[PDB]
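Coordinate-derived values only; no laboratory data. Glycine gets a Cβ as well: all are built from the backbone with ideal geometry, and neighbour counts include every protein chain shown.
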């Protein structure tokens, strides 16, 4: 069973690039990170910063999570991210994604020791 921290890295981390590469970036990323294996993951945000920078967010601005929990943190600075979302013509096993690149603050839920990201709550 994949640890929560490891799942967050696989789903939300892509440092090897400063930003989404092409309108086809999401199709490629979603498939490679195995988010289209048995079904197309509807929505998924990927952060284009170092793992260290993302993990550091857990010590930054403490904000409420969408679900009411209080273990969410908002990055002080904006970060390069790509939102991947299924399009209308998307249909398993032929998943299709719209790639939207942006630079904003990320909000992640953190837990454990070390205290690291385990959920991507949203971006602002």
For the structure I just gave you, tell me whether residue 91 is loosely packed, with under 15 Cβ neighbours inside 10 Å, touching a helix residue (DSSP H, G or I) at 6+ places or on another chain (Cβ under 9 Å) and farther than 15 Å from residue 18 by Cβ. no
Could you list, in sequence order, the residues of the range 1-22 that are surrounded by 12 or more Cβ atoms within 10 Å (Cβ to Cβ) and either closer than 19 Å to residue 79 by Cα or over 14 Å from the mean Cα position of the chain (by Cα) (or both)? 8, 9, 10, 11, 12, 13, 14, 15, 17, 19, 20, 21
Condition (residue is surrounded by fewer than 12 Cβ atoms within 10 Å (Cβ to Cβ) and farther than 20 Å from residue 15 by Cβ) applied to the range 45-63: is it met by at least one residue? no
Scan the helices (runs of 4 or more DSSP H) fully inside the range 1-85 and keep the ones with 1 or more residues being more than 18 Å from residue 117 (Cα to Cα), touching a strand residue (DSSP E or B) at 6+ places or on another chain (Cβ under 8 Å) and in contact (Cβ under 8 Å) with a residue 12 or more places away in the chain. 25-32
Do the conditions hold for residue 65, that is, is it under 16 Å from residue 123 (Cβ atoms) and out of contact with any helix residue (DSSP H, G or I) (no Cβ under 9 Å at 6 or more places or on another chain)? yes
Residue by residue through the range 104-114, note down the ones that are touching a residue at least 40 places away in the same chain (Cβ under 8 Å) and in a strand (DSSP E or B). 106, 107, 108, 109, 110, 111
Residue check, residue 98 assigned to a strand (DSSP E or B), surrounded by fewer than 16 Cβ atoms within 10 Å (Cβ to Cβ), touching a strand residue (DSSP E or B) at 6+ places or on another chain (Cβ under 6 Å) and in contact (Cβ under 8 Å) with a residue 24 or more places away in the chain: yes
